[PDB]
Structure formats: structure tokens, C-alpha cells
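Only one chain is given next, in C-alpha cells, and it is the form deposited in one PDB entry.
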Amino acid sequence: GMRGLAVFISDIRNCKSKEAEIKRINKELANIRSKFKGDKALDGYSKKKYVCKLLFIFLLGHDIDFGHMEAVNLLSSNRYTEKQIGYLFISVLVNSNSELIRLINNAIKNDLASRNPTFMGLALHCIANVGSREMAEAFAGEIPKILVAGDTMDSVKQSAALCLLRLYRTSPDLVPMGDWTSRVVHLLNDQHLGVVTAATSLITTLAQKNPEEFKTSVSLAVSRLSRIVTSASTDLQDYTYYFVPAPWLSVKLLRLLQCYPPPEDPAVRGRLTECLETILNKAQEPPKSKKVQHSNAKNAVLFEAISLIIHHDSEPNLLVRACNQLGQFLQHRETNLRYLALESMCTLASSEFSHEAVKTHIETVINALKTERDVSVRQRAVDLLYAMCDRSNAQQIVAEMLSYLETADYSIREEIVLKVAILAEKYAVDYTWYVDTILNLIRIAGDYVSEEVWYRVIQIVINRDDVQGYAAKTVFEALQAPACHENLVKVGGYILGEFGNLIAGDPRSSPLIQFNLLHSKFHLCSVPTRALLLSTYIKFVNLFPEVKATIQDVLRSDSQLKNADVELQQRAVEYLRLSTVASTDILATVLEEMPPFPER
């Protein structure tokens, strides 16, 4: 290698301070020019190396405002290691100086025009790494030529295809659909799969604006994919990776095919179906290696096939088969596969030919969530249950959501509560179910529950009223946990104030017990809740006279009557003196049943 490089680097690591680093960097920069300016011209070794150091410094994050001419002269060296560093330097530090750009283009002109594929290589990569407009103008017409010419070497070909692709993404106008097209297409039948792999990328990008121009590829892509996926143990030994034949080219071919509708030639359609059926079978075969690389490679192919199946949306057997294979992934230690499986099923649940297939796995989705650890995976499990939810599901879905919530983290609570409410509204069988859901939603995670939603659950307990006693007891048994949060105390206290009589008969839930329970929440609650509890409290004075004085002395108290809050003190005075002044007929007139709400 270059000793002076290795030393500079070792000195930079031994440095015991960002001071000393910066000193050793400024030292080298002086030395480097110096020697660039110096009267004695340098050997290739030294240019090559000092450029290289400049690149290094740059990659540590420091500025470099010279070197560029020296990097450019290396281009014209006939020594590979010298070219390589010059080409790397200009690829990493792109400078504006249109004097240099012209020189760089000469070098590329020569190297390309040399017939040396290493030099052709460096040239094509430089172009491809930099993609300058000026580079496009110099070369965009030549690259297709090199790509097709009968005589250029495979490695050059590969490098030229992807070069061209980049020229097409940054400078499309310098890449008209000339005459090379079909000769590009023919590359799909090359023996060197690296070449095939390169061309497929090119063609894919080209066929998104130019479908008719490359529509020839479909047939040759199907042929290749099918020969590939049926290849034996001892076939494509180069391109077999952990017993999987040509996973990356397979993916790519499958992707090219997503540019087009189903092949129009029946026989072709058939070869493609045979093909996918085959991929789909291999997923059912057990691993040939216990190494995760094998199945990741296999599944990459599977999933791209699954994508193709979705996009064609035309073979219902395949969609169904795809669902079921996805479903078996949901029960896997691989977080990666769990994740991708939920992802693809979610897509699959919006096509008729697959919607009901997806519904089939409800139970597995729920069991996966019920025991999942990656939050992104839980997230997506819940999104699937929302996707697959209808009338047949609503209740099973809601019940498990609720169940999951009882012991849920926090990460996920917010989303599920929102979902529970929404599905409840849309799919409520009967009023009662709904109320059973909401009240329990509120008991478990009322901190996330909307006002609109708790307004509604109260507002509903009128119209179809026969739920009042249930509501009353539920709210009660809920409230009597030491745990217990605010929007419960709100709905809890509103309901018991209004229908607590239906549960006062039980001595486990007497007026006095109801009351104290509520009051053991009171001084912990925000002031609007206490405004509400104060109304509960006087309703209690009216319904239960057995307990009017326990209540009056919580009202006569200082902390109620001299309350800093206007509404609290207003109510505590208005109510204290209601229980005192007027009649008992009056009191009962004023705090009666409370009329039912109107409609939408």
C-alpha cells in the first residue's frame, strides 16, 4: 500500500484530543502543498498518495480547497492504482470549475475509448457516481452504443447498463428511445446473470414511461424466472445464495413484470402461473439450512411474487394461497416476517377475491398481537383487525381489543381506544352492547376517551333506557376500585346521581356507600368533575333522605362554601340552601328524572 497514508491514519488515531487531531491535520495539509507547489515534481506514488490523504481528511469532515488539479492528472496515468484514486477523489469531491470538468471529460473520453475494460469500468462508474449534466452531454449518446456493441465485455456491459439508467433518471432528454432498445431487451437472455440483473433494472425504469417500447421483455422475463426457479441444486452455482437460486435477479424480474398487466399471450400467462405456484410451493418446504439467510432469501422472492399477484389482481387461487402463506408467518419468532406478513395482508384485505380469505386469520392476528413485543408489529396487527372488521367480526374484534387494553402498555392504548369507539358506533348490534363497551372502555382507558364519546353514552341511556340498571351497577363496581380515573368519576357520578336508586336496594351499594365512594374521589378530581359531583350530591339529598345530613355537612363545610372556584361555590351554596329552604315537593320538582334528549 502507501506507508505515508497508514502513518497519517495511525497518528490520527493515537491523538489524545480534538486539538491534537486538528494539529496533525493542518500539519499534513501544509506538507501536501508544499509538495504540490514545490519545485521538484512528484512521482505517481506521491500524487496518488497525497490525493488519497486529502480524500481521507475530507471524509473526517474537514474542508479541502485544493488537490483537484492533482486528482485530475492522475486520471491520465496509465497506472490503475493512480487512476483509481483520482477517479475516487473527483467522485467524492465534485467541484464546479468548468476548466476541470472539460479535463475530466477528456479523461473519461480516453478511458472509454481505450479498449481496456478496467479503464472503461472506472470511466463508467465515475459518470454514474457523479451524473453531471456536462457528463451527460459528452457521453449519453455513447453509453447505449457500448451497452449493445457485440464486442464489449460483460462486466463493462453491466456497468454501462446502470450508468445509462442513471443518465436516464437525471437527464432523460439525453436518452431518447433510439434503436438499441431490442438489443437491450435481448440482454435478458444473456448467460451472465450479473448482466441480466443490470439490464432488468434499466428496463424496469424505462418501461414505466415507455411500456410499449419494452413490452417485449415480459415473455423473456417469464422464461428466465421459470428456468431460474426450477433450476437444480447444481445450477447457477455462482448465483445461488444459501441454497436459493438467484434471489436478487428473481426479485428484479418479478418487479419488471409489475410494470405490465398480465401477459397477453395465454401460454405466457401459464408459464407465469406455473412459476408463481412453484415459488408458493417452496415456501411450504422446510428450510434447507437453519441459517436465517436461507429463508430471508427465499422469502424476499416469495414477497415480490406476492406483490405481483396483488398487482395483477387476476388469479384468485394465487391470492388465496398468498393469504394463507402470510397467515402462517404470523406465528413466527421472526419479527421481520410477522411484520411483513401483516403488511401484505392489509393490502390483501381490500380486494374482493381475497377479503374473506383474510378474515379467516382473525384469530391468528389476535393471538399474535396478544403476545407481540415489537411495537411496530403490534401497531400493524391492530391496523389489520380494523381492516378486516365488519358485522360478523365486530364483537369478537371489540372484545379482544378491550381484553388487550386491560393489560396494555401505553404506546398502543391511544390508538385502540379510538378504534374501539369508532367500531362500536358503526357496528353496535343493540344499544346495550354499546353501553357495555363504552362504560368498559371508560373504566380501562377513559383518560384517552373523547368528550363526544362520553357525552353520547350518557345521552343514549334515555331513548332505549332498560340499560340504566346495568349502567348503574357497572359504573358502581368500576368506581369501587382504588385505581379508578377521571372520566369514570364523571360518567359514574352522572349516572348514579340519576339512576343510583335502581341499585340502592342492595346493601353492598347503599346511598351512604354510593355517596362516600364518590366523595372519596371528590377532592382528587378537577373542578368541573366536582361541579358535576356536587349535582350528584344533591340528587342524593332528594332520592335518599336517609343520608341528607352527611351530605349537608360536606356542603356546609368551608372547602365547599368558601371555594376559590366560582362554579363550585355557586353550586355548593345553591344546593346547600335548596336542601334547607322551600319545600320537599319543590326539591323533588327541581331534581326529578331529567327529560330525554331529542334526535339527530
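Definition used throughout: the rigid core is the maximal C-alpha set that superposes within 1.5 Å between two forms. Only residues modelled in both forms are compared. From 1 onward, residues are counted along the sequence shown.
Keep in mind that the form deposited in another entry is not shown, yet the notes after this line are about it.
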Residue showing a 2 Å-or-more C-alpha displacement between the shown form and the other one once the rigid core is overlaid, selected from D265, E334, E99, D430: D430
Rigid core superposed: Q514 CA moves 2 Å or more between the shown form and the other one: yes
Threshold 2 Å Cα movement between the shown form and the other one at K548, rigid core reference: yes
Threshold 2 Å Cα movement between the shown form and the other one at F499, rigid core reference: yes
Superposed on the rigid core, segments between the shown form and the other one of at least 3 residues with Cα shifts of 2 Å or more: 147-151, 361-600
